[PDB]
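Residue numbers (PDB author numbering), protein chains in the order written: chain h, 81 to 143; chain X, 1 to 57.
No residue lacks a Cβ here, since even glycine has one placed at the ideal position from N, Cα and C.
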Amino acid sequence: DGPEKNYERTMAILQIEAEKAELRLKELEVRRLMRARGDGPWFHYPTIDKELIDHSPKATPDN
Amino acid sequence: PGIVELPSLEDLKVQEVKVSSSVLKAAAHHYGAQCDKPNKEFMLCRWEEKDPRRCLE
């Protein structure tokens, strides 16, 4: 292989590896914030579904 | 937490219906027909407010 093919193939590898390395670091930051604040799709633990609640008038009034 | 607002003892004085349960049972059917209007308004207030202090009148 000529020096140019190896040279410019190397840059293609470096760009791919650098992009992945950046995304790896961002993911650890997103995971840290999502777990600390619980305001994202991850670390979202279920809560009772409000649609299980009965809203019709009950036998007694005060409720 | 705040103080629970309560009506005064004078806000609760009314002439009570001092008859026994067998008397009410006997008159119940005619009572339900004749006194439906104020009775149903009170129970509407009662299931809407969900608070006995809001339906005293």
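Interfacial residues, the segment 110-128 of chain h to chain X, with Cβ spacing under 9 Å: none
Residue range of the unbroken alpha helix (DSSP H) whose run includes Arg46 of chain X: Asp36 to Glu49
Alpha-carbon to alpha-carbon, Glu97 of chain h and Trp122 of chain h: 26 Å
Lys18 of chain X at chain h interface by Cβ criterion, 7 Å: no
Three-pair Cβ contact test at 8 Å for the segment 16-25 of chain X versus the segment 100-119 of chain h: no
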